[PDB]
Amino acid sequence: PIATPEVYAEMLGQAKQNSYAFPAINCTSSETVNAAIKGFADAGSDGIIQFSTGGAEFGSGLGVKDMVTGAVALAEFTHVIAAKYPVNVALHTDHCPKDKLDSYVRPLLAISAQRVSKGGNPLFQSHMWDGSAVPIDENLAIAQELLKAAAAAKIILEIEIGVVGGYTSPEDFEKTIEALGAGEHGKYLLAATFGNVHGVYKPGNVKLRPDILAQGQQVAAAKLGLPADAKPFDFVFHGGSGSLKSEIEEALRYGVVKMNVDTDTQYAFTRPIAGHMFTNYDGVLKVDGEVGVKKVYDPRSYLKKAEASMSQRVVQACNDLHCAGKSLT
């Protein structure tokens, strides 16, 4: 089923306590949502589906190109499908910068607040506010207003300090903790940047420093007069694709509960489609006067292959993040 806010909070709480994390898989369509959930279910794991602004716009179709519509349509699809699986699936929206808040996060928050006031659950269980392109103080100020709105909709806010490419400071950690607290003001996830980069590159290109995360927890713990080993932040690891298994295990140790994967699942989806087209070249194309072969230009023939391949990569992520076999069900 779709994770209720209570289940989602327990998912993240148990992951934090036990040092594992959930893959958050970017999805653009019915096929990729199906692939991601089957992946979670196959791994016996709960999981996160997320829609970027570009992904939501894509999902709304070329005739609409409206993020809210695409997000809502894909969410409504997902609510029906997820009901048929025993694992818990949370819906999340991915980076929303300042100039998109009004056209994406804020109206989605409103939709959920309306559902909640009627005694139901929010459509999405978390939304990301990405303010990494403005100064930390502006970012946190916007975060504080968004947190009030999110809390009323029973939604968890994710925020970003520092930049993801295509290294957060100790003082930034303190400001954040001073502004947002440890979650009394409502639960939030923190994407702090330790060298992470969107996309997949020749390995060794991207230099991760998970120790930045360790230091952030210590500084926050000290500010809050908590245990030295306390972990006041729930971290998010952006740019998960192409990461080393040892990088991942270290980040898990420091309180990463969510790791975003997009590029590697994109490659997994597309790879068997390219393969289908090449091996079936003379059935997918009408060649030498022939009319082609319906069985192979039927989109389901190759999209089922893409789906299965993407699921298998999701199962791999569940094992990399140690959430495999951990579904709260």
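Residue indices: 1-based, along the sequence shown. Throughout, rigid core stands for the largest set of C-alpha atoms superposing within 1.5 Å between the two forms.
Divergent stretch in 6 other deposited structures of this protein, 90-98 or 167-175 [C-alpha RMS, superposed by the core]: Most displaced of the pair in 6 other deposited structures of this protein: 167-175.
Other entries omitting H185, at least a third: Across the other compared entries, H185 is absent from none.
Missing coords for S112 in a third or more of other PDB entries: no, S112 modelled in all other entries.
Between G166 and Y167 - deposited residues without coordinates, as a size class: According to the record, 10 or more deposited residues lack coordinates from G166 to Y167.
Residue stretch of maximal mean CA temperature factor, 73-81 vs 234-242: If you average the C-alpha B-factors of 73-81 and of 234-242, the larger mean comes out for 234-242.
Of 46-54 and 32-40, the one with larger mean CA B-factor: Comparing 32-40 with 46-54, the higher average CA B-factor belongs to 46-54.
Out of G255, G120, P107, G162, residue topping the C-alpha B-factor column of the entry: Highest C-alpha B-factor among the listed residues goes to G162.
Which of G275, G292, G59, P299 ranks first by CA B-factor in the deposited coordinates: It is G292.
Among modelled residues of the same chain, the CA temperature factor third for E145: CA B-factor rank for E145: middle third.
Third of the chain, ranked by Cα B-factor, where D130 sits: Middle third, going by the recorded CA B-factors of the chain.
B-factor third for the C-alpha atom of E10 within its chain: Within its chain, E10 is a highest-third residue by C-alpha B-factor, going by the deposited values.
Within-chain third of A324 by Cα B-factor, per the entry: Middle third - that is where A324 ends up once the chain's C-alpha B-factors are sorted.
Record-listed C-alpha B factor of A228: chain third: Highest third.
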